[PDB]
Each structure stands twice: as structure tokens, then as C-alpha cells.
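A quick write-up on the structure given underneath.
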Amino acid sequence: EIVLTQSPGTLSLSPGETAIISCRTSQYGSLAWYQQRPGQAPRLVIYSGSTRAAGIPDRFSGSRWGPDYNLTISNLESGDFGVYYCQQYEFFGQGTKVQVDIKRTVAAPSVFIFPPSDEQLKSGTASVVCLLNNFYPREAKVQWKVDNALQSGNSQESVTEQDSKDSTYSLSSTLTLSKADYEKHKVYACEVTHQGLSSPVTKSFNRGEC
Amino acid sequence: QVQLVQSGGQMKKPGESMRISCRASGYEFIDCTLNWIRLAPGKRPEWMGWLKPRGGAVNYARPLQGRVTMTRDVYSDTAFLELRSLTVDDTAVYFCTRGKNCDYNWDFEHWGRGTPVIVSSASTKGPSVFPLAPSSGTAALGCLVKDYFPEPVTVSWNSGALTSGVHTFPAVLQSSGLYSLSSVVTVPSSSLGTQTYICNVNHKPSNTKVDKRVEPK
Amino acid sequence: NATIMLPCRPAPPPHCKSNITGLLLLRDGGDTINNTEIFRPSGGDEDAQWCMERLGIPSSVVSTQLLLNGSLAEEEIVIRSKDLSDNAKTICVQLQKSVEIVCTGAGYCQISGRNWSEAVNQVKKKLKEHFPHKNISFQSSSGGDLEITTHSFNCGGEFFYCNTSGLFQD
Ligand SMILES: *[C@@H]1O[C@H](CO)[C@@H](O[C@@H]2O[C@H](CO)[C@@H](O[C@@H]3O[C@H](CO)[C@@H](O)[C@H](O)[C@@H]3O)[C@H](O)[C@H]2NC(C)=O)[C@H](O)[C@H]1NC(C)=O
Ligand SMILES: *[C@@H]1O[C@H](CO)[C@@H](O)[C@H](O)[C@H]1NC(C)=O
Ligand SMILES: *[C@@H]1O[C@H](CO)[C@@H](O)[C@H](O)[C@H]1NC(C)=O
Ligand SMILES: *[C@@H]1O[C@H](CO)[C@@H](O)[C@H](O)[C@H]1NC(C)=O
Ligand SMILES: [Cl-]
Ligand SMILES: [Cl-]
Ligand SMILES: [Cl-]
Ligand SMILES: [Cl-]
Ligand SMILES: [Cl-]
Ligand SMILES: [Cl-]
Ligand SMILES: [Cl-]
Ligand SMILES: [Cl-]
Ligand code: NA
């Protein structure tokens, strides 16, 4: 039984700057760090505590002091961003997510709302789609309103990655209702709350308008 | 060299049993312990057990005792994993891994390609493509690839000509066990009047290819 | 706590009696269900002969699970292993008092449950020292070939197998 405590879980960094991940092991043993690029098989980075693995840039350096282990990455290349797990014997740690975040000027979203197509309604369901498009930074809040009734649970956000061209995020929340529920209420609104907007922008459409 | 080739991804349903393989090429098969590790979505790697091919001694993790069974075939240098009585909580990617040195097993330098196993009570369905009409600066429109299983689907616009301002969001797992996907694009409004736009969807797991014309309401 | 009958398969002849000196075990890996450390009989695996050499078992004695004709550890059970906290490295238990296994020639070999269970408890006590504050438990092998699953020894030049289910089930 090994109790591996890994921190800090989430890391948002721009390419270049240093990224320090760390674990804390109960028992004493040889510890390794693994890299999982998203969509690939994990990669052995460090083993035996700080011994760099085979074909790993000198930019990866592990340090150990007592029960605390670090993993220090410097000059974050494009391919380094992923998730890193520390291992001691057969046990791993919670892990940490190393996300790339290109810093830039705070833009704003282009909220667009799409009612459910008449074909979808004929099929029996209805799916309304709000679209916060090309904004920065990531953190944004979409609140679905229906007849001035706050909706939590029905929505389902989904965000794209850092747009390599302009370093901006896009988002599309999909609220789903049954045709019965859809045909019951009227004004369907999507409230956005990003810091780029001075105040929440409430793009909405009244059912049966154009 | 240290080459570990695994079988392809399988789709199972709650209750079924699965068997996946892993052929080891590039080293003395029996001289190294061979482990099975599974990565689940958002759960830390879980070690399932190891197997020493010289003698076939298995060591299964205490949680999985009863469900898991690890065999081997020295004639063909193939290690087999069998997991019985599956659950929705077994959706994961399974790996056979080998240590750097055969004197210490827990320095996994060599990993298999990975074999994903989806355990949902939801047979395959082809998507339904619905149009996200612009409805009237710049205007935007898109497609909604809804109620499809399993991942993935490919969305292209105008057969690949239009690619500026396109966003193919990640799919979402709906409460019904099927996935939903939105792919949108931003265009000049005047062009929207004269220019025409199509989204082409290909759901290879079910041989469902669709081309939806997105027209203003 | 009576005599145990072990169904050895190839009908071991009646003149095959040996004196058990030590054991070969393997600690189950992974999170410990219900705060219990499980140990199962091993064949030695990577460092099999290493253990036998440290217990003075001659080169003529090739056995699994149960180590035979070795030298007993004076004073107390000796626990050896290239590494204990590594569940891939096998464990090497040397007994302080032997347990004779006597084969009757009738398709069984016998081991006195009174003397055997006395050793088992001594071994569990010593294992409780290295793995403290966890119930120590024995169980039969969870997989492998019949040479690993059973206590496989050789007698008169013939290799035999002995289902040790009765010995490792606490
Ligand atoms: C792993 O990474 C962490 C993060 O850098 C390291 O912890 C750092 O420990 C050093 C110890 O020298 C701290 O620096 C010192 O802080 C005080 C300031 O009053 C002072 O005593 C020293 O002059 C020096 O400034 C540092 O605070 C601390 N990290 C942070 C962010 O504060 C650690 O050393 C690394 N390696 C390990 C733990 O093996
Ligand atoms: C050694 O083992 C053999 C059977 O393998 C047995 O006949 C013999 O008595 C044993 N020697 C001693 C000293 O117990
Ligand atoms: C070994 O066992 C045999 C019978 O099993 C017995 O006669 C002999 O005295 C024992 N010797 C030792 C050294 O244990
Ligand atoms: C050993 O014997 C018991 C009962 O005699 C049986 O349940 C078990 O399956 C046997 N094990 C092997 C490996 O034959
Ligand atoms: Cl994008
Ligand atoms: Cl977890
Ligand atoms: Cl998956
Ligand atoms: Cl369709
Ligand atoms: Cl979506
Ligand atoms: Cl003796
Ligand atoms: Cl078996
Ligand atoms: Cl048997
Ligand atoms: Na409703």
C-alpha cells in the first residue's frame, strides 16, 4: 500500500515557462514519472527518481527530497502539454493536466443562438444550441433561460482547443427538450457571462419569429 | 525492438466478457514480467495484474480477483487478458506494458499501442444530421450530428474547400448513452446570401455518410 | 487440527517422505481489500534458486511452494526477499521447525495438521512484523501452470504434483 499524493491537478501555462509537478509518497521506493499525450500511449519520462529516461530532452529533470518528488519542465515545447502521472511500484497518483495557454488581449464571444430545426421537431425531440465563438480566455458561463426560468441540468457545454491561428476558444452549449416541452414555452434565451463583455449578453429568440 | 502489438478495440455490453491479446516481438518473451494497465476517462491509471511467462505465474490486483484472468502462449509470444462480467465502469483503454529492465518490473518504458474497450448498453447507431440555420456583421451556421454511437465522426465543410472560421467541437455523451456533436462556421452575411454551404458527415463505425445543405431559414 | 491428505496426482510412491524447511510465497498487489495482506504459494519465479541457496537446499532438490530438505533457521522464522514491498519479487520463508510430508503410495501425501498449523501461525506472526497492522492471510495460487499451482517435487527421478489447497486456505 502506497499513498501517492500528486498536485496540483490543473496547470495553464504558455509555451516556454517552467512547469513543476510534484508527488508525495508514503513509503520509500523508486519513483517514475509518465507522460500521456492525449490520444497516445503513455511515455516514460523519469525513472529511479530523477534518472532521465531514454530519448527525453534534458529539459525534463526530476528532483527528490525525502518523501517529496518534483518534476521540472523548462521551455515547454508544443508536444509536452498533456497529463503526467507519478508511479511508485504498482500505484500511481491522481495526476496533473498541463494545458497550453497562449496569453493575449482579452477578446469577447460572438454569442449566436440556433433554434431546433423543423426536421428535428418532426422526429420528436428538440435541441437548442447557443454558440459562444472565438473568445479569450477560456472561462465563460452559459446560463440557459426559458420563459425567465433558469435551466441547470439540461444544458451540455463543449469547448474546442486553443485556436492555433488566433489563440481563441469557441464553445457550444446544447440544451435539449422534448417536442412537448418545447411547444409549451415561448421565449428561449441564452445568457453569456464572460469578462470580455461589460455585462451579460442575452442572445435569445422568441419561438415562431421568422 | 521492444514491440508490443495489441488487438483492436472492442465494444461490449454490461454482463459480457472480453478477451484481448498482446504479442511481444523484439526480446526474449519469457525473460520479462508483462503487466496489464488500464486508463479510464479521468481516473488515474489502474494496475490490473502482471504475468511471468516462464511458469505463467499471474498476480491479479485484489479488487479484480474473480473477474480477471491472465494467460500466455510461449509458442507464439502472446499474452492474453480476459475480464468477465463487465460494467459501464470498465470503459477504458487497456495496455500491456513491459519494464525497462527485466530485473525491475515497475519502470514501464515499453507500452502497447492501446486497445480501447467501450462498455455501454447501446448498440451502434448512425447519426442524424440537423441544420443549424444562420437566421440572419458576419453570420454563422452549422450542423448538429446528434444521437450517434460510437465515436468518432468526421465533419467537413464544402467537401474540404471551406476551412476558415470552422469549429468542430468535441462530442458530448448524452444521457441516453449516445454522442452529440456540433460543427459550425462563421461567414460574411452577404456571402451567406449568394454562397452555398454543405457539411459532410462520415460515421465510419456504421458506414453512415451524409451531406446536409445548410440553408437560411 | 488433524492430519491432512494432499491428493498428489501421479500416485507418489510410499517411500517419498521429505522434511519441509521453508516456503515460497507471493504477496498480492494493489489496494488491500478489507485491510488484509494476502500471500499465496510461489514457485520462485525470477529469483527461485536464490532463495533455495540461502536456505541450504541442495541442487538435487527441485520443488515448488514447499521447500524441502533445507536447513532450518535457528531461533526464529527468517523472511527473505530481494524486496518485500515489490509484489513482483517472491518471498522466501525459512522455518525454524520442519514439517514432514510423508507419501503413502495410495495417491496422497500426508502432513500433520497440528504441526503444519503451528508453523503457519509462526509464519503469519513473522509476516505481521514486516506488514504491521494488517490481517495476514494465506490462499492457494491464483494462476499458472500445474508446476506452480501445485507443490511439485521429484522422487526417484519422477516429477510429481501435490494439490496444496488444504495447506494454504487459513
Ligand atoms: C520542488 O519545487 C518547489 C517549488 O519551487 C521547491 O519548493 C521551494 O523550496 C525552496 C527551498 O529553498 C523555497 O525557496 C526558499 O523560500 C524561502 C523564502 O523565505 C527562503 O528560505 C529561501 O531563501 C528560498 O527563497 C521555495 O519557497 C519553495 N517553493 C516556492 C514556490 O516557494 C522545492 O525545493 C523543489 N524541490 C524539491 C521539493 O525537492
Ligand atoms: C530428502 O528428500 C528425499 C525425498 O526427496 C527424502 O527421501 C530424504 O529423506 C530427504 N532427506 C532428509 C535428510 O530428510
Ligand atoms: C527428516 O524426516 C524423516 C522422516 O520424515 C525423519 O526420519 C528424520 O529424522 C528427519 N530429519 C531431519 C533432520 O529433520
Ligand atoms: C485442489 O483440490 C481442491 C479440492 O480437492 C479443488 O477444489 C481445487 O480446484 C484443486 N486445485 C487444483 C489446482 O487442482
Ligand atoms: Cl479550432
Ligand atoms: Cl481516481
Ligand atoms: Cl474510450
Ligand atoms: Cl439525416
Ligand atoms: Cl456539442
Ligand atoms: Cl533438515
Ligand atoms: Cl490457469
Ligand atoms: Cl490435483
Ligand atoms: Na422545460
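Ligands are numbered from 1 in the order shown, residues from 1 within each chain, and chains are lettered A, B, ... in the order they appear in the C-alpha cells.
Around ligand 3, using only C-alpha atoms and all ligand atoms and a cut-off of 6 Å, the residues in contact are residues 17, 18, 19 and 100 of chain C.
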Interface, chain C side, toward chain B (7 Å; only C-alpha atoms) as a PDB file with C-alpha atoms, in the first residue's frame:
ATOM      1  CA  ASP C  28      -0.999  -9.913  -3.794  1.00  0.00           C
ATOM      2  CA  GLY C  29      -0.586  -6.439  -5.245  1.00  0.00           C
ATOM      3  CA  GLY C  30      -2.881  -3.449  -5.427  1.00  0.00           C
ATOM      4  CA  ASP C  31      -5.173  -1.783  -2.933  1.00  0.00           C
ATOM      5  CA  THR C  32      -5.783  -4.077   0.038  1.00  0.00           C
ATOM      6  CA  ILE C  33      -9.448  -5.045   0.323  1.00  0.00           C
ATOM      7  CA  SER C 142      -4.362 -17.633  -8.310  1.00  0.00           C
ATOM      8  CA  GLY C 143      -2.938 -18.867 -11.623  1.00  0.00           C
ATOM      9  CA  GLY C 144      -0.169 -20.558 -13.608  1.00  0.00           C
ATOM     10  CA  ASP C 145       0.886 -23.993 -14.783  1.00  0.00           C
ATOM     11  CA  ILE C 148       3.261 -23.518  -9.971  1.00  0.00           C
TER      12      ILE C 148
END
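The binding environment of ligand 9, defined as every protein, DNA or RNA residue with an atom no more than 8 Å away and counting only C-alpha atoms and all ligand atoms, comprises residues 156, 157, 158, 172, 173 and 174 of chain A; 144, 169, 170, 171, 172, 180, 181 and 182 of chain B.
Atom pair atom CA of residue C:129 / atom CA of residue C:169 has a distance of 20.6 Å (rounded to one decimal).
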**Report entry** Within 8 Å of ligand 2, counting only C-alpha atoms and all ligand atoms, residues as a PyMOL selection string
**Finding:** chain C and resi 15-19+61+68-69+153-156
Query - Residue with smallest distance to ligand 7 - pool A:152, A:176, A:131, A:39, counting only C-alpha atoms and all ligand atoms - result: A:39
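Once only C-alpha atoms and all ligand atoms are used for the distance check, the residues close to ligand 4 at 10 Å turn out to be residues 5, 6, 7, 8, 9, 140, 141, 142, 143, 144, 145, 146, 147, 148, 149, 150, 151, 161, 162, 163, 164, 165 and 166 of chain C.
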Requested in this report: Up to 12 Å from chain A, what residues of chain C turn up? Count only C-alpha atoms and give them as a VMD selection string.
Outcome: chain C and resid 27 to 33 35 to 37 83 to 89 131 to 132 134
Write out the residues from the selection above, keeping C-alpha atoms, as a short mmCIF file (atom, residue, chain, number, x, y, z; two decimals), in the first residue's frame.
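The resulting file, selection_17.cif, is shown below:
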data_model
loop_
_atom_site.label_atom_id
_atom_site.label_comp_id
_atom_site.auth_asym_id
_atom_site.auth_seq_id
_atom_site.Cartn_x
_atom_site.Cartn_y
_atom_site.Cartn_z
CA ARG C 27 2.07 -11.08 -1.89
CA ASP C 28 -1.00 -9.91 -3.79
CA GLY C 29 -0.59 -6.44 -5.24
CA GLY C 30 -2.88 -3.45 -5.43
CA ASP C 31 -5.17 -1.78 -2.93
CA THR C 32 -5.78 -4.08 0.04
CA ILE C 33 -9.45 -5.05 0.32
CA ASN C 35 -7.20 -4.31 5.27
CA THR C 36 -5.77 -7.79 4.70
CA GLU C 37 -2.47 -8.81 3.06
CA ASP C 83 12.30 -6.74 -1.95
CA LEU C 84 9.18 -7.11 0.19
CA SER C 85 7.22 -4.03 -0.90
CA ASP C 86 7.71 -5.21 -4.51
CA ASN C 87 4.93 -7.72 -5.14
CA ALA C 88 6.74 -8.97 -8.25
CA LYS C 89 9.67 -10.30 -6.20
CA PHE C 131 3.43 -5.87 7.28
CA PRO C 132 2.15 -4.36 10.54
CA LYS C 134 -2.95 -5.85 8.61
#
Report task. For chain B, list the residues within 8 Å of chain A, counting only C-alpha atoms, and write the list as an NGL selection string. Result -> :B and (43-47 or 106-109 or 111-114 or 130-135 or 140 or 167-172 or 182 or 217)
Report task. Apply DSSP to the structure's backbone, then extract all residues of stretch 24-165 of chain C labelled strand (DSSP E) and return them as number ranges by chain. Result -> C: 24-27, 36-41, 66-68, 78-80, 91-103, 109-112, 135-138, 151-155, 158-162
Query raised in the report: Just how far from atom CA of residue C:125 is atom CA of residue C:76, in Å to one decimal?
Result: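 Result for atom CA of residue C:76 versus atom CA of residue C:125: 10.6 Å, one decimal.
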Query raised in the report: Which residues come within 8 Å of residue C:75, counting only C-alpha atoms, excluding same-chain residues fewer than 2 positions away, as a ChimeraX atom specification?
Result: /C:73,77,96
Query raised in the report: Using only C-alpha atoms, which of the listed residues (B:87, B:97, B:202, B:21) sits closest to residue B:35?
Result: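 For residue B:35, the nearest of the candidates is B:97.
Residues in contact with residue B:116 at 9 Å, where only C-alpha atoms are counted and same-chain residues fewer than 5 positions away are skipped, are listed as residues 8, 9, 10, 11, 91, 92, 93, 94 and 95 of chain B.
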Could the residues in this selection be written to a file with N, CA and C atoms, as a PDB file, in the first residue's frame?
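Output file again.pdb is given in full below:
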ATOM      1  N   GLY B   8      -7.406  -5.101 -31.583  1.00  0.00           N
ATOM      2  CA  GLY B   8      -8.194  -3.918 -31.844  1.00  0.00           C
ATOM      3  C   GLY B   8      -9.250  -3.666 -30.788  1.00  0.00           C
ATOM      4  N   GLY B   9      -9.820  -2.465 -30.846  1.00  0.00           N
ATOM      5  CA  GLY B   9     -10.830  -2.086 -29.875  1.00  0.00           C
ATOM      6  C   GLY B   9     -12.091  -2.918 -30.022  1.00  0.00           C
ATOM      7  N   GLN B  10     -12.722  -3.207 -28.886  1.00  0.00           N
ATOM      8  CA  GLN B  10     -13.954  -3.976 -28.837  1.00  0.00           C
ATOM      9  C   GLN B  10     -15.057  -3.141 -28.205  1.00  0.00           C
ATOM     10  N   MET B  11     -16.296  -3.488 -28.546  1.00  0.00           N
ATOM     11  CA  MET B  11     -17.484  -2.924 -27.919  1.00  0.00           C
ATOM     12  C   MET B  11     -18.231  -4.050 -27.223  1.00  0.00           C
ATOM     13  N   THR B  91     -15.382   0.834 -19.233  1.00  0.00           N
ATOM     14  CA  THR B  91     -14.972   1.655 -20.362  1.00  0.00           C
ATOM     15  C   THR B  91     -13.600   2.244 -20.060  1.00  0.00           C
ATOM     16  N   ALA B  92     -12.595   1.862 -20.841  1.00  0.00           N
ATOM     17  CA  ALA B  92     -11.223   2.293 -20.590  1.00  0.00           C
ATOM     18  C   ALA B  92     -10.358   1.848 -21.761  1.00  0.00           C
ATOM     19  N   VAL B  93      -9.076   2.200 -21.690  1.00  0.00           N
ATOM     20  CA  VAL B  93      -8.071   1.775 -22.657  1.00  0.00           C
ATOM     21  C   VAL B  93      -7.100   0.856 -21.932  1.00  0.00           C
ATOM     22  N   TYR B  94      -6.892  -0.339 -22.480  1.00  0.00           N
ATOM     23  CA  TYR B  94      -6.074  -1.359 -21.838  1.00  0.00           C
ATOM     24  C   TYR B  94      -4.718  -1.460 -22.525  1.00  0.00           C
ATOM     25  N   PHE B  95      -3.663  -1.588 -21.719  1.00  0.00           N
ATOM     26  CA  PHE B  95      -2.295  -1.644 -22.213  1.00  0.00           C
ATOM     27  C   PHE B  95      -1.564  -2.827 -21.599  1.00  0.00           C
TER      28      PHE B  95
END
**Report entry** Within 12 Å of ligand 1, counting only C-alpha atoms and all ligand atoms, residues as a list in words
**Finding:** residues 7, 8, 18, 19, 20, 21, 22, 23, 24, 49, 50, 61, 62, 63, 64, 65, 66, 67, 68, 69, 70, 71, 72 and 73 of chain A
